[PDB]
Structures are given as structure tokens and as C-alpha cells.
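Visitor: This is the structure, below, for whatever I ask next.
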Amino acid sequence: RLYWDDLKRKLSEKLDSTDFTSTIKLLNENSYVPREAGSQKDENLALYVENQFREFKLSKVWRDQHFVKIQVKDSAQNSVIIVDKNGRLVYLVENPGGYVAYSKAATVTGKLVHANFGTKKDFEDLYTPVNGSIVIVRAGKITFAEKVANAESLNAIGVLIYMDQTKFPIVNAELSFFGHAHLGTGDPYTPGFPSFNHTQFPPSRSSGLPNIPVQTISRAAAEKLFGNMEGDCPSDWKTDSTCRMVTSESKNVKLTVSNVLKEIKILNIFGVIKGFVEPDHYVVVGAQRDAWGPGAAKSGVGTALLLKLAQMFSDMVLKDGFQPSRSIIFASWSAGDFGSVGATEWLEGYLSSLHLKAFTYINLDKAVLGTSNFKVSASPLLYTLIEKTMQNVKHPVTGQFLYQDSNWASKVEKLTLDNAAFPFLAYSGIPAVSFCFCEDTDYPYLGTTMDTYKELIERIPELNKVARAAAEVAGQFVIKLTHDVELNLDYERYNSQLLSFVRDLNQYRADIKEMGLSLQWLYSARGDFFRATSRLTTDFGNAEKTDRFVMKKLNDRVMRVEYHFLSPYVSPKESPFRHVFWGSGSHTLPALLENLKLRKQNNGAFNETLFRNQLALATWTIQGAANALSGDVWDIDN
Amino acid sequence: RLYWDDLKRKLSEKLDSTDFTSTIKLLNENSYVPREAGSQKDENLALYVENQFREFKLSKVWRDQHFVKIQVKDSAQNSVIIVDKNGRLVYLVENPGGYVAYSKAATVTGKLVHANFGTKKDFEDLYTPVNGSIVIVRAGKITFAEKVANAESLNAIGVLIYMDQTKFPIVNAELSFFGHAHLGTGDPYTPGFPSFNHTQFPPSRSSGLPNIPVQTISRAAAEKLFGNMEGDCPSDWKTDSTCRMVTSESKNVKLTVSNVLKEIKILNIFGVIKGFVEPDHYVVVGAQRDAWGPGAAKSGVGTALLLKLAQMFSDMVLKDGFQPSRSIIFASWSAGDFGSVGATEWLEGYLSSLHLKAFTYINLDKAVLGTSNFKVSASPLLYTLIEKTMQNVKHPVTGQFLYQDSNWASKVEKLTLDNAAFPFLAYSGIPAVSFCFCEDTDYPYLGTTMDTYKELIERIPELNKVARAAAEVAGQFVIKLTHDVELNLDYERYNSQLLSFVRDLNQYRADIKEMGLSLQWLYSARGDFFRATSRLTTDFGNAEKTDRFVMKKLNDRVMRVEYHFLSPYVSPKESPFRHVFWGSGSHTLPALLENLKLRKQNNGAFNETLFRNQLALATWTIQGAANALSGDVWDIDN
Amino acid sequence: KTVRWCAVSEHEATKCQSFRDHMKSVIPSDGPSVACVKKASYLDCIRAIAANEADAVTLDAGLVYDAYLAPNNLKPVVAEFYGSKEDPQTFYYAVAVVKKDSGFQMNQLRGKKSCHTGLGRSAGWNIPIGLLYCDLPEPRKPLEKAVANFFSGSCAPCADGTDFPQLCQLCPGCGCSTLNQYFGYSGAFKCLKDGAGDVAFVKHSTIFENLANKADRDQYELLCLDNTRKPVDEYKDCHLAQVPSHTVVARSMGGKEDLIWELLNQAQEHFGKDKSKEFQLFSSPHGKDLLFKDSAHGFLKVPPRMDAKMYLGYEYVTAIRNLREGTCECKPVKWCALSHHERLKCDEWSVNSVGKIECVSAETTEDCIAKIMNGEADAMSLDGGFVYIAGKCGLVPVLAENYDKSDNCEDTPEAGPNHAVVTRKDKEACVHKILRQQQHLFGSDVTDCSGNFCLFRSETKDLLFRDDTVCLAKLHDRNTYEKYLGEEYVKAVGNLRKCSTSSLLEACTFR
Ligand SMILES: *[C@@H]1O[C@H](CO)[C@@H](O)[C@H](O)[C@H]1NC(C)=O
Ligand SMILES: *[C@@H]1O[C@H](CO)[C@@H](O)[C@H](O)[C@H]1NC(C)=O
Ligand SMILES: [Ca+2]
Ligand SMILES: [Ca+2]
Ligand SMILES: [Fe+3]
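Protein chains in written order, with the working numbering: chain U, 178 to 815; chain W, 178 to 815; chain X, -13 to 497.
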């Protein structure tokens, strides 16, 4: 009855009558002003979202409660002081308000070195060895947990994180910020399994937990520390002129962190709209609810969009007459500041229920930070779904469409650990998308106590128009994926991804030829993957679109490509991020290249026995994915 | 057009005109007389089976070649001698013709102890400590590899395997037998991945490989060793009067094994019959081809049935007019004597292609050993499919039906490592079935050089009638599973299986209450599983059978139960047998009970931290399987 | 708003357009209108309402089963009554009509010619073949093949002629429509009258509809269950079985049930029986039993709670299911739970009984009672107020909760009314057997409920059974809803049900 063009206009008309700024301001009320995970204010907004979902008359509204462990700054405050070579001296630098979650919590003392950002590359260029010394690093480029992980690997005693004026132009220099050092996602005390009372909560701990204490300090406190340090920082780093390299031989720093664990109740509340054709298949739209500070840019916007998209889509079903072929689930996640806990615990608990049933995840967190450019990080398959949406949605400030760069796909950045979409793509194997109307520089007041509604209005004057544009892009993703009987997941796109991997491995063809190894099998594995998508593309062309049975047999083959890229050789408990393209582990394809980079330098770091195994499994992972895509189980060649 | 009764009669008429004995005799020709894996005679029969399949005009006939590593007795023969306390003395006992594959191959010397069968229970009752000494064990009750594994755990230096007259009434006492000591299935040098040239064959070894030398010896050679031993064997064991316990303090045994590895080519040849409704779903029928000796009972019968079932079913499609809703694949496996290698390498290589596509495996190996009783080892789900076939197929000797015992399901024995159906059920998660017209005592000439056609005819006079009965039972399994649009996989049966596990765990309720643990969550997990099958049973009742779409949505939920019982917490490479009911590992349900048995004895063997984790994952494995069975992702309660 | 009505063949189509025209004049534009959809068979009409091409169509009670099955999902909303307008009847008699002095009885029908109303029909298939099902030669599945060999020649409408030629011997092709000479009640009787068949399975009112002469009506006889032939006028004394009345079905969700009944209520008050001479609702000169049956005198509203399985009843739904599948020590008793705590105690009880008692949970107390009706549940405990509601649907109590400690608790019952354990009529023997053994194992025990299981102990207060209960006493007499509660209590809750009425109580009173 209703087509794509009828749906495009019906969505746009609802967006024009929707007031976003009034909703974001309502979430920044004194009642929900502080929304720490498992707090009264977090539950208050949860009950609000539950009732609101129930008011939009959705198909079903249910809640899931988890009991996860987090870390908080308790009675004993953490402090950073400078001491002499014999004992306590110098002066007290600062007692920070902010802290780093999942820290080791131990008193440590020693020499201090500036590792800058804390990138594995930053440490390698350091002229000063980081072994047995406390390192200080700027916020940015990477995750805190990544920052700590790189330091702990070089035997550092502790890590200090601060925000320079250059990257973070903030007036107040006494301002403190929050973060977490857990290298992973979900509750670190329940890895692989959900945090339900069913599991009885057994004694188990994640390997992603740091073994060294971490603390965040203010700009002013860092400058006090630089005063006691000597050596000018290199012009390579875009930083302040106050920046200093190492402490003098007379005085050194002493960090003491004493945070304790706390068990809390998290509430994950969902809302679903049942489909008419295939209700068992569903697209999930998630958004973070909790925030350490006031959270306007972090969770304020995301939760406002979640509620409004659930309103607009429900009105289109009941009133307009829109019939989705597949279901839509709206999710309000909690404990997101601690590493996307709520979302990862749900994926770990209902893994079997959404196996090959959930085909896409849309993340609404941090969708609005600036206004300059539009940035999206997603799976290769959603690439075409985005490209089509970009040349259909206009920019909120200018008049031009979002599609301006033809080679935008090559400038797409990989999903990071702090993103809520990471666990969906790397652990579960569900194509996820995270879009942003971002700025050249990240939002300064992100993890601070100055993430207020007022600061958001001052930085982004036309907030209502940008939030409407954000909901329009997200709204067209839902429509496109649930409206037509053909899935918009482009399996074709990936061939560029495999070609890129083999070209990078082709550069080291001489080193592979030297060993008793050939590359011809990886050429075929890649080639067979193309022939598999080419055969599937023709198979879509030679089939009737109106027939339900033929289409379902073809769409199920499309829903298996992301799953087949999850390594079937590693344990999901020890290495949850099984995905070979965007995961972490020796099983991933990037790690195969990273290991072979040590071979060219002729040092004792390259592991030949590990590389022969890495190449063996990856060749068969790409081949197995190719064989399973087309030709059944007998039409395969080799 | 044709129904069940029309199919039953059309199959029976073809069976009456089929001559089986002539086929088994043709396979025992001088051309295929010795069929060692990767030998000329093995390839000869392979080419014969390929051509024969091609002559029956099947849909497609294809071959898969693997390059696996096996062990063989080479130039240096293995020997067993008795020596004095200072050096070489005594006398030479025997140089065996037979050997044990995948042995450590090392010269060892020491005291000898009779561990009887070699069961973990047998060792615990031994009055003589097995630590630091060579053990001798009878063939039977369990696998060689199991025999060795139990010995190596108690620090034994080596293992000797012999066949007593009581269990094996063989005239010739100089007769030698073959076996393998690898605790697992498949090529032990390519665990988790297939043995293809694509993997480049990296340096990797299975943990199932024994670290101590193993050798098989004849009855006569054992009696020579008993002559030098003292101590009478207990009446508990049904063994010969020659049986002696330990060697004297003056003289001890010296075993030396020197087998080498050999790379060989294995050919796996398949034949498929495409279905008309759902060709992508298929049932697999496999049979072993290779044999160390002549192999009449081991592979002679199995391969004869494979060829004839492929003939009869092809004639029903082309001539009679039989239309199977799902495909049928006939498989001729090689290297089966080495631990079902051919079959496991195929499952490890096309794992992705048969995920949720293969719904049953029928094994034809060792279907005919005796005539007394009918024994079947299979999954709980096929239980009802068997019960129905047993009250439909008549016994070849008597006139009565096979269904005589009402409580036959409770007397079903679990599948063992030597069975080719084990890898299908425990690794892949495909319900498998293995039936036998077995005898009270196992076939004596099984792994020997006396597994000839002549010996088979003498022991089983009416071989043609028993092979026809065997093909009739296997033939009705194929029909039933491919004829009707409803799957005959009974998900209901399993509830008895879960009830059995919780009752066994309920006996130790006092020990669980003592710790900070409750059992109420496992009661619900079990209960929720019943409610899930009950809801699915009613859902079949309220749906139209003629409708293709509704049925496919229901049959896909049935095909997921076996998969959901495979642990999703353990690595498929390290612990391939993921299945929690019939696998090996700390992840399995039996292992949870076995670990809690050490708690009641108050010794330092019970691991509380391991048990709390074992209980946590298993509770959620049963719960997750329940949640995923019915109610989608929002209709679930808790 | 317009209501799309489905018509089978040309005959019903001509009556539909005439019905659309006559209703348009007497009813204003603001009121309901009638539209017509052309269809070849009754199966095409069911698939049409499911695909939103039609809205409502009248079917036989036995064809309602087919309409309930997914993905059709149709619920009966308006049912027609027979007899008279003063005394409505929601059930008709199914009888077997044969020629006078033929020499054949009910037990001897093999090799005889038969005339059916249609495949899946109550009086023409579900009942006649149902009694002779377990006497049919093997195999029994498919059902159509066994009837083909039993009768020498048969005419069963709406049946596959290519696979079963013997069932379409008397009527070639097996037409599902009025286009066929032998279709429906009146068609199956014409199959007997013309001399094509020896036995015809129709309704008791079919003879009076086709024959008006009293001398011609005495030329036939009715076969009884005890192999006897009785007069045609005596149909109450000699009949096969009583079946539910024909009903009009619509979609479960968005099937405008309130709009269809609003249309049909005005149809009977303007063009009903003996109301108008221009157009008749239950009569047509083009054919018999078109749109609605000629034996019908009006329509009655079907309660919202009553679904298709409830409309037919346990006795009839099970009969159809066993007729298609092939079915002719006690089974586990499925207990019904209300809350989370009740099923948590039930699950522990399930394991301790070793699969003798299972658990099936429902949303409310009223929903558990409905599950015992269709077969999803077996037994549950209920208070005196709910025993009246359960008893009116067709569930008899077997056990009573005794709160007084005595020497013989199970032997002697208590009066108090007390909480009673109600169950289905066929599970009376099993429930009273299994639960009696459970009381001997988990009944009255010492303060060891911390270690061992106790049935009459709960985590909170009153779960499956009340905490102040000593034992569940067995009733010596077969007590019903009136026998257990007494003559005084029944009148008390009956008057209270008038002001405070539940959806299930109104649905069970319908039949
Ligand atoms: C779950 O466990 C927590 C303690 O970790 C307890 O406070 C809560 O009441 C329990 N809830 C349930 C349903 O067991
Ligand atoms: C595979 O490798 C073996 C050696 O292990 C070699 O003999 C054979 O020719 C190779 N075949 C292919 C297709 O590479
Ligand atoms: Ca977890
Ligand atoms: Ca392998
Ligand atoms: Fe009827």
C-alpha cells in the first residue's frame, strides 16, 4: 500500500512537528541531573522511559535487571603528591574529584615520564624508558584502558591522565573528569556469561582488568607537576608550552588510589514493534542512559532521540498505516560509562535468542557533538545503506546533502572500545552503525561535570535542527531495513576489504617465499569470496521479489556473512571479540600483519610458529566464509 | 502422490530383490583385500565406489582429498623383552605384527602391573600403585586411548594391550591386533581445522596424543609374561586362570616401540540426491571404507550397505516416483581406524556450510556383528524415530518385531570415541544414530587379520537376511526424515534427560546448601525447558501442515536444539567436543557431577572455584537453550 | 463501514448481490453496507480473510478448526441458532439416513455406497467417519485412503480427486460448491433420493427441508448407535452425536467483530425468518443453505473470551486431531501456576516427583482455568468462588483442602466451603492417584523442611496449596460444582455473578 517515497515524506512531516530541545532539557532536570549507574536518579529516568514507551502503545515493553560490579571513589580520597628520594616531602599537588573505574587501587611511588597520548607508537618513540616508572598521558586518540594497557606492557607502575589546553580548550583548569581502564566491554567480573542471579555470581575475573593504579588529574594539577619536571616536549605533539618530559633526579611522584567495588542494580528497558511478515527478525536501536556527570552530550541527546524515534515509528504504524516486514527494538542501556555494560550483558545472556535473528544495530550515543562534519563508523555491509541515506538527507545548517565526498568509505574509522556498537559487531556478529554530526575536535565537556544543557546550547545554537537531522538519518535506516522484503545488507562491499588485506600481505611476499609458505591459497580464498557474492547477486536477479519462500532462502544467506567472520577457533569467554576484521586477538587479520612487521626488522619478537598458525586459520576463515555463501555443500569446487 | 505406506512397501520390495552377501564378498576380493588408509587398495575401492555412485545416476558425485598424518610400523620392529635388575637378561617374549597408532615411540623399562581393563575405576581399586611402572590391560569396555589416558594420569611408563580367552574366544593365540591411542577424533596434527593444502600444514599438535609408548601383544605373549609374574587375579574380573598380578622383584619388563609418522592422501567420496522442497537441508549417511586387516565386519558390511542404500533410494526417485523434501548425502569415509579421521576432517572443513543445514547423521559401521540382540546408541531426539522403526521392522531370524522392551530408552549406551557418529553429535551438534544387530559379546576378529568374509559367514549363517534387516532400519530412517514436511526430531524426549541430571544433583543438595549456593535456579532452568517444548508442541498443533512458510519457521526452531547444547564458553579448537551431555571436558554436565563426588569424601581433590564456575555456565546453558526455543526475544519471562 | 462477504460459486454470489441491494434501501448511508467477494471454495474464503480480501463468511463447526490453524487465525464471532426464536439451540443432531428395508445397519457399512455433505464437515465427515475410524483397515493415515477402501462408492465434497478417485466416484471431480449436484446437506440427501448412494450422513432437519409429503418421508429410516432403525420423526432418541452450530468467522485482530454483528442483527429484524416476502435471509430460490443455513432462525453473539477451540469444546477438538494424525500407568499431571513463586515451588516439586507432575504457567487465575479446558493444563487448586466458574465450563473437583488435623485425613472429607482441586473429567482417575502418592512422600513431615521437600510449605504465603492445610482429602462421591459447594452456596455466587461478571463465565454460559 505504502512505498519508500510515501514513507520518506511521512517521516519528515513527523520530524518537523517534533520538538527535540524541549526533550533534552527535560532529561537535564534536577530529578535526573546526576545519573550514576545503579543510582536512584538512574532508576528514576528508567521508570520514566518505561512509562513513556508504554504510552506510545508499542507491541510489548519489558525490562531486564542485572547485578553488576563497578568501582567508586569512597571514604578514602585518592591523592597525588611529590616526594623526596628518602621519604615524604615536596608538596601536595591535588586531591581529584574524578577517578578511573576498575583501577588496581594501590599506593605507588617513582619517576614520572610523559608518554603523551599513550599509543603503542608513542611509547616506541620515547627516548626515556618507561620501565619501572609512572607515566602521564593526555586524554584522546585512544581509550584510557588502551592507555593503561600500553603502559603496563612496558612495566609502568601507574598512569596519570590529564587534559591539555590545546586539545581541550576549557576555561576552568580545576575541572576533573571520569573514565574506566577496563580493556573490554561488559561487567569485568562476569566475562562471557550474563550478570543474572542464575549464575550465582562465581569467582571469575576478566583479563582486561589493569594490574596498575590509574588516576585522572586536572590541567592545573598537571602544570604543578610539570613545574618539577625538566626537558621540553617535542614540537611533534600539539600541546601546551608548559609540557615537560621527566622529573628531576631529586624528587619523584607518589600516587595513591583507594577505590572500592560496589554491587549495584542495573535496569535495561526495551520496547518492541512486532513485524507483519517476519516478526522473528529484528533491528535493534540502542541508546545510553547513565552518565557520571549531568550528561547532555553523552547520554542526554541519545536518550532523547531514542524516545522520539519510538514515538514517531509507533505513530506511523497505528495512525499512518506503516507495516514493517521485520520487528524493531528500542533499547535504553545503563552502566555505559563503565564500558557498555548493560548492552554487553544483554548480548551475553540472550546470545542464543538473537543468533541469526538480529541483523542490524543502530547506536544513538554521542550523535550530536558539533556541527562541522558528519562522521560514521560502521560495517562494510551497511556502507551502501549509508551512502544512499547521505544523498537523501540534507545538512541542518547548510542546504547541501550529506553526500559530498565520493571516497568517503575509505576514510571511515573503525569502531572503538568505548562505543556501544563495538560489542554488537565484534562479539555477537551483528552489523552495527554509529553516526555523528561531529566536529574536527572532540567535545571538551564530555566526561566532565560541565556536560550541562546550557553548555550544549551555547556551543550548538541550532540544536533542534541537528537533532532532527540525526533522527532523520537513523529513521531512514530503520525504514529501509524493515520496509522492503530485500535486505539492504551489501555483502558485495566486503570484497574491497579482503582485497585490502591481501594487498597489504602482498607487500611482504618476499618474507613468505623465504619460509616454506605460499600465498596462492589466499589469492583463491579471496577470489572464491567474490565469485560467491557474484553468484548471489545474480541469484537475486533471477528470483521473483513477490515470492516469500525464495526470498527468505536468499536473505538467510545474507544474514550469515557477518557471523562467518567471527573466528570459530577461539574461545568466546577468553577472547569475546571473535570478529577477524574488527576485534582484538591473535585471531584477527590485522594482528597477522602486525606480527609479520617484526620479521622485516630481524629482531627476536617475530614468532614463526605463531604466524604459521595465524595464517592457517585465517586462510580457512575467509575460505569457509566463501564456501558457505554460495553453492551449498556440493557445488563447491576445491 | 505417494504416502508413508506406499514408501514402506516400495522399499521392502527392493530389499527382497537385493543380494547383500554377493556385495560383501566382492569387497573382500584380493584387489581390496588389504585396505590400509592412504594405500593403493584403499584408493582402488574408492574409485570403485565413485564409479558405482555415478552409475546409480545420482544428482552429483564429488570427492574431497585430505593429506593427513598417521603412524606405521616401519623398518625397526617393536619388541617386548624381560630384563634383569642390572641389564638385559631373561628371554625375548614376542615381536608383534600389530601396533598401536599415534604412540610415543620410546624405549622404556620397569615393573609391570595388571590394570585389567584400564578403567579409571579399575585403577582406583588396584592394591598395587601404578606410579612409575608399565601396565598391561585387556581389550574391551573402553578405548585404547582411554586405556592409555587413565594410565598416563597415574604416571605409568607404558601400556600393553592383550586379548584374554574369556572375553575373546580365539583359537590362534599368536594373533595380533591393531588400534590407536589418540584421545580424540580426526587428524591429531590438525586440530580444529581441516587437513587441506590451504592451511599450509602448520606446526600444531593435539592434546589427545599420548606421552607414553603403547603396544599390542598376543594371548601367547601375555601368558609368557604371566609366567614371570606372581599374585593371582581377583575373581571379580572374568578372566583366564593364567592371569597374574605383578612381576617379581628380580625381573622386570622392557618395552621398545619405534613407529614413525607418514603423510598420506585420503579420499572422501560423496553422493547426493537433491530434495524438491528444501534442497539445502540434508541428512547424511556415512560408512567406513578402510580397514587395517581384511575388514569384513569392520568396513566390509558398512560399505556394502552404503552402496546398496544409494542404489535403492536412487531407483525410488527415478523409477518409482519418490520425491524427498530434503536432500540425502551418502559418504564413504577413509582413515577410520585412526579415529574417524575422514569424517572429522570433513566436519572441521565445512563446518560453516552445514551449520543448521545437516539435521541427522546415520552411521552404518559395524551394523552386523552378531544376531542375538539389536543395540542402538543415538541422540534423545531420534529416540522416537527409532521406537517407531523398531515396531515396524521384523527380526531377521525370528518372527517378532524389534520393539520388545518398553524401557529400552533407559538402557541406551552413550556414543564412544571409536564410533564415527561421535564427532557429528559432540563437535558439530548434529543428531546422529548408530544401530547394531549385535551380540552379548563383541566381535572377536574385529581389529585382527582374521576379519575375513569366511569367518563372517561361519559366525553368521544367514548374513543376507541380517544385512537386509539392517538396511531396512537405516532405510526407514532416511524415508521418515525426508518424506514428511514435519521433522521427526523429538525435542520432547530431552526433558527426561534434564530431569535425570537434576535428580542426580539433587542427591548432593546438602553440600550445595552448605556453600553459598542455591539449587532453585536449576529447577527453573529445567522447568522453563519443558514449558518451551510444550509451547512448541501446541504451536505445531495450531498450524496448518500444508503451509510451507509457517512450517519452516517451526522446523528451524527444532533444528536449533542440538546446537544450543554445545557449550558456547569453550574453544572449539582446544575442546572440540563442546556438547554438554555427550562430550569430554569440564564444560559437560556429567563432569559437574563427577567433580562434586570428591566433595563428599572430604579430600583435597574437589575444586570449589571450578565448581562454582561449572555450575554457573551450565545453568545458563540449559536456560539459554530454553529461552531460545520458544517465545522469541521478548516473550521470555525472567 | 462496508463489510466484505465471501461467496462460493455463482449461487451464493447471486444471493450476495441481492442481499447487498435489499439492505442498502432499508439502511441509511451512515449504517453498515454489504460487499461481495467471489471465491471457488470455502478454503479460498478462509485464505481471503487472512489476506484482508474479505471480512466474514459462515462455516461448519468442523471447518472452524481449519480456519483457526496458522496462518489463517480466524475466530468465531457470530453463531446461528436453530429450532425457534423462543427457544434457541446452539447444537444440531447428526444422523444417518437410509432407504426403507435396505438390510444394512450401522455396523455393516463396508462395501456400501455413501453420500457425505463435504470433507471436514461435522455431520457429514467428522462424526460418521469418527465412529468407524478404529474399525478401518490399516493403515489409517492418510484418512482419505481408508475411507476409499471401506465404502465401494462415495461422494465426499471438497476432496482431492487426483489422489483419491473412489471418494469422487458418485460425484466426479468432487465439487466444493453449489455447482455440484451433491454438495452440502441438501445435496447429500439428493444423492440418496436419486438412487446413487445407500447411506447419507446429514442433519436431522435435512429430511424436512427436501421432502414435504408425509407419505414420501416414511420411505426412509435412521440408523442408531445400537444397530437399530427408528422413525424419521424420532431424531432425539436416535442420533450419532450432537455438534456445535455453524458460525461466522473473522480475524482475531482487526476483524471488525462489532461491525459484523451490528450488520447481521439488522438483517434478521428486516429480512429474517417470516419477516419479509421480497427477500429472505434463510431461504433462497437459487439454492439451499446459501450464505446461511435454511434451518437457522436467527443469530447470537459469541463472547470475546471464547476462541475456536473453546467454541467446539475438548470433546470435539480432540476428536478432529485424532482423526487426522492417527490415534485410537498414568500420564504426568500438568499443574497450573499463577505467579513466579508458584512455578518456582512447582519446578522443585516436579523434580521430586520424578516427572509425575509437570508445570505450566499462565498470566491470571482465570487463564489457568481455560488451559485445563483445552488440554494445556490438568489440575489446579481453586477457592469456592472459582469452583463455580470452573464447574460451569465442565471441570469437576476431586480433592478438598482439609485444615483440621485428624487420624484419617484422606478418608474423611471436610465441609468447613474449602479450597478444592479441580480437574478435567478424563483425568479424574490419574489425578486422584498420583497426588495421593505425593502426600505419602511430601505431606505431613517434621521440621525438616529446610533439608527435605515439603508440599504444604511455601516461601511466602499460600502458593500451590495453602500453608495451613494438613492434607488434600479425596471425595468419596463424584462431586460436581453443585454437589461440592451445596445448594445454598451456588445460589450465592450465582447472584453475585450478575453484577460482577467475568469473561470466562459468560463464555461458558453460552453453550
Ligand atoms: C539476586 O542476588 C542479590 C545479591 O547479589 C540479591 O540482593 C537479590 O535479592 C537476588 N534476587 C533474586 C531474584 O534472587
Ligand atoms: C599439497 O601438499 C602436498 C605435500 O604435503 C603435495 O604433495 C601436493 O602436491 C599438494 N597439492 C596441492 C594442490 O597443493
Ligand atoms: Ca557478563
Ligand atoms: Ca583437522
Ligand atoms: Fe454442519
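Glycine included, every Cβ here is placed at the ideal spot set by N, Cα and C.
Enumerate, from N- to C-terminal direction, the unbroken beta strand (DSSP E) stretches of 3 or more residues contained entirely within the stretch 380 to 410 of chain X.
Guide: Listed in chain order, they are 381 to 388 and 406 to 410.
Visitor: Please report the straight-line C-alpha distance between residue 647(W) and residue 464(U), rounded to a whole angstrom.
Guide: The alpha-carbon atoms of residue 647(W) and residue 464(U) are separated by roughly 60 Å.
Visitor: Under 9 Å between the Cβ atoms of residue 769(W) and residue 791(W)?
Guide: Yes, the pair counts as a contact, with Cβ atoms nearer than the cut-off.
Visitor: Within 8 Å: the Cβ of residue 68(X) and any heavy atom of ligand 5?
Guide: Incorrect: residue 68(X) has no Cβ contact closer than 8 Å to ligand 5.
Visitor: Exposed or buried, residue 577(U), counting other C-beta atoms within 10 Å across all chains shown (16 or more means buried)?
Guide: Residue 577(U) should be labelled exposed.
Visitor: Applying the 10 Å Cβ sphere with the 16-neighbour rule, what's the burial state of residue 700(U)?
Guide: Exposed is the call here.
Visitor: Under 8 Å: do the stretch 167 to 185 of chain X and the stretch 91 to 107 of chain X share three or more Cβ pairs, one atom per stretch?
Guide: Judged by Cβ distances under 8 Å, the stretch 167 to 185 of chain X makes contact with the stretch 91 to 107 of chain X, as three or more pairs qualify.
Visitor: Can you find a C-beta in chain U that's less than 9 Å from the C-beta of residue 408(W)?
Guide: It does not: the Cβ of residue 408(W) has no partner Cβ on chain U nearer than 9 Å.
Visitor: Just grab the DSSP bridge partners of residue 133(X) for me.
Guide: Residue 133(X) is not bridged to any residue.
Visitor: Could you tell me whether the stretch 391 to 409 of chain U touches the stretch 540 to 552 of chain U, using the rule of 3 or more Cβ pairs below 8 Å?
Guide: Contact between the stretch 391 to 409 of chain U and the stretch 540 to 552 of chain U is absent, because fewer than three Cβ pairs lie under 8 Å.
Visitor: How far does the alpha helix (DSSP H) with residue 256(X) in it reach, from first residue to last?
Guide: Note, residue 256(X): alpha helix (DSSP H), 243 to 257.
Visitor: Take residue 437(U) as the anchor and find which of 487(U), 518(U), 338(U) and 250(U) has the nearest alpha-carbon.
Guide: Among 487(U), 518(U), 338(U) and 250(U), the Cα nearest to that of residue 437(U) is on 250(U).
Visitor: Which residues bound the alpha helix (DSSP H) around residue 359(X)?
Guide: Segment 351 to 360, the alpha helix (DSSP H) holding residue 359(X).
Visitor: Buried or exposed: where does residue 374(U) fall if 16 or more other Cβ atoms within 10 Å of its Cβ makes it buried?
Guide: Classification for residue 374(U): exposed.
Visitor: Going by DSSP, what residue range makes up the alpha helix (DSSP H) through residue 489(X)?
Guide: Where residue 489(X) is concerned, the enclosing alpha helix (DSSP H) stretches over 489 to 495.
Visitor: Which residues, taken in chain order from the stretch 673 to 687 of chain W, show a beta carbon closer than 8 Å to some beta carbon of chain X?
Guide: Listed by position along the chain: 673, 676, 679, 680, 683, 686 and 687.
Visitor: Measure the C-alpha to C-alpha separation of residue 260(W) and residue 595(W) and round it to an integer number of angstroms.
Guide: If you take the alpha carbons of residue 260(W) and residue 595(W), they lie about 35 Å apart.
Visitor: Residue 720(W) touches chain X at which residues, Cβ-Cβ below 9 Å?
Guide: Those are 55, 56 and 57, listed as they occur along chain X.
Visitor: Using the C-alpha atoms, what's the distance from residue 431(W) back to residue 478(W)?
Guide: One C-alpha to the other measures close to 39 Å.
Visitor: Grouping DSSP H, G and I as helix and E and B as strand, with all else coil, what is residue 572(W)?
Guide: Correct three-state label for residue 572(W): coil.
Visitor: Using a Cβ-Cβ distance cut-off of 9 Å, determine whether residue 332(X) contacts chain W.
Guide: True, the Cβ-Cβ gap to chain W drops below 9 Å.
Visitor: Please go through the same chain and pick out, in chain order, the residues whose beta-carbon is closer than 8 Å to the beta-carbon of residue 441(X), but skip the five residues on each side of it.
Guide: Cβ within range, chain order: 335, 424, 425, 428, 429, 450 and 451.
Visitor: Using a Cβ cut-off of 9 Å, pull out every chain U residue sitting near residue 458(W), in sequence order please.
Guide: Those within 9 Å of residue 458(W) in chain U number zero; the least Cβ separation is about 10 Å.
Visitor: Tell me the rounded alpha-carbon separation between residue 171(X) and residue 728(U).
Guide: Each residue's Cα considered, the two are about 44 Å apart.
Visitor: Quick one: does residue 733(W) have its CB under 9 Å from some CB of chain X?
Guide: Chain X, which has no Cβ nearer than 9 Å to the Cβ of residue 733(W), makes this no.
Visitor: Pick out whichever of 362(W), 331(W) and 524(W) has its Cα sitting closest to the Cα of residue 299(W).
Guide: Residue 299(W) has its Cα closest to that of 331(W), out of 362(W), 331(W) and 524(W).
Visitor: Determine, using beta-carbon pairs with one atom in the stretch 740 to 750 of chain U and one in the stretch 579 to 590 of chain U, whether at least three such pairs fall under 8 Å.
Guide: In short, these stretches do not touch, since the Cβ pair count stays below three.
Visitor: Exposed or buried, residue 346(X), counting other C-beta atoms within 10 Å across all chains shown (16 or more means buried)?
Guide: With 16 or more Cβ atoms within 10 Å of its Cβ, residue 346(X) is classed as buried.
Visitor: Within 10 angstroms of the Cβ of residue 390(X), are there 16 or more other Cβ atoms? Answer buried if so, exposed if not.
Guide: So residue 390(X) counts as exposed.
Visitor: Tell me the rounded alpha-carbon separation between residue 448(U) and residue 490(U).
Guide: Going from the Cα of residue 448(U) to the Cα of residue 490(U) covers about 12 Å.
Visitor: Going by the beta-carbon positions, is the gap between residue 247(W) and residue 278(W) smaller than 9 Å?
Guide: In contact: residue 247(W) and residue 278(W) (Cβ atoms closer than 9 Å).
Visitor: I want to check one thing, is the minimum distance from the CB of residue 440(U) to the heavy atoms of ligand 3 below 8 Å?
Guide: No, since every heavy atom of ligand 3 falls outside the 8 Å radius drawn around the Cβ of residue 440(U).
Visitor: Could you tell me which residues DSSP puts in a beta bridge with residue 756(W)?
Guide: Answer is 743(W).
Visitor: Identify every residue that forms a DSSP beta bridge with residue 509(U).
Guide: In the DSSP output, where bridge partners are listed per residue, residue 509(U) has 446(U) and 464(U).
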